[PDB]
Amino acid sequence: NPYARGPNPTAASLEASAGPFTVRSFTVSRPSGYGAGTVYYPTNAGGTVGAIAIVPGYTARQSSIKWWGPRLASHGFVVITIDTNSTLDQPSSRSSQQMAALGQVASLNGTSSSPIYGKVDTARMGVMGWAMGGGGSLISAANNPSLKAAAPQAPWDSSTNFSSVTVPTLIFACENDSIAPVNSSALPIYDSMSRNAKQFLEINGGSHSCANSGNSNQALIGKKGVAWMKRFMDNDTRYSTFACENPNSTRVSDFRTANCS
Ligand SMILES: COC(=O)c1ccc(C(=O)OCCO)cc1
């Protein structure tokens with residue numbers, strides 16, 4: 001596997017606050033079609049890595065999703081967290097902005113003054129995001145089936161039919177979400193997807209912000225997000241158990257998975 005990076009994973013190494021690589025970050029000078037961005041990248045991955053773009057929910061900014069930047073980048077990914085053009089953008093616009101941010105990561109990979117010059121394998125990309133940004137990630141996956149992985153959290157879209165999605169998709173859900181209730185949002189979205197590796201991980205007692213920065217389940221949520229991205233962005237079957245397993249955890253009120261290997 002030419003995409004495999006880093007030491008062999010263990011539960012401990014995936015639950016830790018940081019992975020094996022050192023992370024640095026920068027602010028995007030001229031965002032291409034979105035509001036603002038921060039790029040997180042490993043300084044010592046030892047080969048090119050995939051890129052992941054992460055979008056917040058309605059009203060929200062990078063702070064809500066920023067913890068993913070160092071968590072993922074320290075396991076060997078370039079991660080861009082964005083602010084949208086308006087905090088009040090809807091899922092479709094969020095998806096366009098998310099893909100523009102991936103395009104700009106690809107640009108920076110080819111820009112000799114960038115810290116990520118030659119760090120990115122632009123053929124291997126993923127999408128994440130919270131709430132309307134989670135709906136935007138599912139729209140991105142539907143429209144761009146060559147994306148390698150999606151892992152939205154507490155997603156919402158005014159449509160729940162994502163039978164279009166063929167990209168491996170992990171849905172984080174929050175049991176007690178009152179803003180995008182699981183039974184009308186995350187779960188029907190999950191159930192709609194028929195052609196992909198997929199997983200549903202609902203956090204016991206979680207509010208709508210249960211997978212955001214500052215959450216109290218970073219060990220489990222970070223292990224699953226990293227494992228999913230490693231398995232599917234890097235084709236890295238060292239992560240197949242971590243990606244596919246039911247954690248059998250008292251922190252999880254609902255687990256489902258299909259077509260996972
Ligand atoms: C029925 O659905 C809605 O009312 C709704 C409202 C807000 C959002 C959202 O993006 O929340 C995340 C906060 O940043 C998603 C769905």
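Scope of the values below: all heavy atoms of this structure, side chains included, with no hydrogens, waters or symmetry mates. Note that the numbering runs from 1 along the sequence shown for the chain.
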Between [X] and [Y], does any side-chain donor sit less than 3.5 Å from a side-chain acceptor?
{"X": "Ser163", "Y": "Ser194", "result": "no"}
{"X": "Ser240", "Y": "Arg231", "result": "yes"}
{"X": "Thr111", "Y": "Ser113", "result": "no"}
{"X": "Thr84", "Y": "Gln97", "result": "no"}
{"X": "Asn212", "Y": "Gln153", "result": "yes"}

Rounded at 0.5 Å granularity, tell me how far [atom1] in [X] sits from [atom2] in [Y].
{"X": "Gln199", "Y": "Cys244", "atom1": "CD", "atom2": "SG", "value": "6.5 Å"}
{"X": "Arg5", "Y": "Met233", "atom1": "CZ", "atom2": "CE", "value": "11.5 Å"}
{"X": "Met229", "Y": "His75", "atom1": "CE", "atom2": "NE2", "value": "13.0 Å"}
{"X": "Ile116", "Y": "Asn109", "atom1": "CD1", "atom2": "CG", "value": "6.5 Å"}
{"X": "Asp157", "Y": "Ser92", "atom1": "CG", "atom2": "OG", "value": "6.5 Å"}
{"X": "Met128", "Y": "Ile80", "atom1": "CE", "atom2": "CD1", "value": "14.5 Å"}

May I ask you to test the [X]-[Y] pair for a side-chain heavy-atom distance under 4.5 Å?
{"X": "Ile65", "Y": "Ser213", "value": "no"}
{"X": "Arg238", "Y": "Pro9", "value": "yes"}
{"X": "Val78", "Y": "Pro42", "value": "yes"}
{"X": "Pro247", "Y": "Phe255", "value": "yes"}
{"X": "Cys260", "Y": "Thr257", "value": "yes"}
{"X": "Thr87", "Y": "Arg61", "value": "yes"}

Under 3.5 Å, side-chain donor or acceptor atoms of residues 28-39 against the rest of the protein: list the pairs with distances, not counting sequence neighbours.
| unit_1 | atom_1 | unit_2 | atom_2 | d |
| --- | --- | --- | --- | --- |
| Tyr34 | OH | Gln104 | OE1 | 2.7 |
| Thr38 | OG1 | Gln62 | NE2 | 2.6 |

So, using ring-ring contact (aromatic ring centres under 6.0 Å, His included) as the criterion, who are the partners of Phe200 when residues are at least two apart?
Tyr190
Are [X] and [Y] joined in one hydrophobic group, where the rule is that I, L, V, M, F, W and Y side chains link up if heavy atoms are under 4.5 Å apart?
{"X": "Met99", "Y": "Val120", "value": "no"}
{"X": "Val23", "Y": "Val49", "value": "no"}
{"X": "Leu187", "Y": "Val165", "value": "yes"}
{"X": "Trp68", "Y": "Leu170", "value": "yes"}
{"X": "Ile203", "Y": "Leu14", "value": "yes"}

Cationic tip of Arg124 above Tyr3 ring, under 6.0 Å, 45° of axis
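Yes, cation above the ring, under 6.0 Å and within 45°.
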Suppose the criterion is side-chain hydrogen bond (donor to acceptor under 3.5 Å, both in side chains): which pairs have a residue in residues 214-230, not counting sequence neighbours?
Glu15-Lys223, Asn217-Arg251
With no hydrogens and no angle check, is any side-chain donor or acceptor of [X] less than 3.5 Å from a backbone partner on [Y]?
{"X": "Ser93", "Y": "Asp89", "value": "no"}
{"X": "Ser74", "Y": "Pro70", "value": "yes"}
{"X": "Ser185", "Y": "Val182", "value": "no"}
{"X": "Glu175", "Y": "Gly205", "value": "yes"}
{"X": "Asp234", "Y": "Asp236", "value": "no"}
{"X": "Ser192", "Y": "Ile189", "value": "yes"}
{"X": "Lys119", "Y": "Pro115", "value": "yes"}
{"X": "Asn44", "Y": "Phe21", "value": "no"}
{"X": "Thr169", "Y": "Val167", "value": "yes"}
{"X": "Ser137", "Y": "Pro152", "value": "no"}

Least distance between heavy atoms, [X] atom then [Y] atom:
{"X": "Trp67", "Y": "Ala211", "result": "NE1-O, 2.9 Å"}
{"X": "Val105", "Y": "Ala51", "result": "CG1-CB, 3.8 Å"}
{"X": "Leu220", "Y": "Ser249", "result": "CD2-OG, 4.3 Å"}
{"X": "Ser207", "Y": "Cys174", "result": "O-CB, 2.9 Å"}
{"X": "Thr160", "Y": "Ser184", "result": "CG2-O, 3.4 Å"}
{"X": "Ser114", "Y": "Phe26", "result": "OG-CZ, 3.9 Å"}

Which is it for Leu72 and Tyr40 under the side chain to side chain contact (heavy atoms under 4.5 Å, CB included) test, yes or no, and what are the steps along the way?
CA-CA 9 Å; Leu72 285 157; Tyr40 299 84; over 6 Å; no
From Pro56, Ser95, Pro91, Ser158, residue fulfilling side chain to side chain contact (heavy atoms under 4.5 Å, CB included) relative to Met132
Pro91
Can you tell me which residue among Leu102, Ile54, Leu138 is in a side chain to side chain contact (heavy atoms under 4.5 Å, CB included) with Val127?
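Among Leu102, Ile54, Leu138, the one that satisfies the side chain to side chain contact (heavy atoms under 4.5 Å, CB included) with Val127 is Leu102.
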Enumerate the ring pair (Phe, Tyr, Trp, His ring centres under 6.0 Å) contacts for residues 127-159, please, sequence neighbours excluded, ordered by first and then second residue.
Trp130-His208
Partners passing side chain to side chain donor-acceptor pair (under 3.5 Å) against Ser178 (at least two apart in sequence or in another chain)
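By the side chain to side chain donor-acceptor pair (under 3.5 Å) rule, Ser178 matches no residue at all.
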Would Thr241 and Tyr239 count as a side chain to side chain contact (heavy atoms under 4.5 Å, CB included) if you check the C-alpha gap in whole Å, the side-chain angles of each, and the deciding distance to 0.1 Å?
CA-CA 6 Å; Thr241 301; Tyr239 288 83; over 6 Å; no
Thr10: which residues meet the side-chain contact (heavy atoms from CB on, under 4.5 Å) condition with it, sequence neighbours left out?
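For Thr10, the residues satisfying side-chain contact (heavy atoms from CB on, under 4.5 Å) (neighbours in sequence not counted) are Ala12, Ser13.
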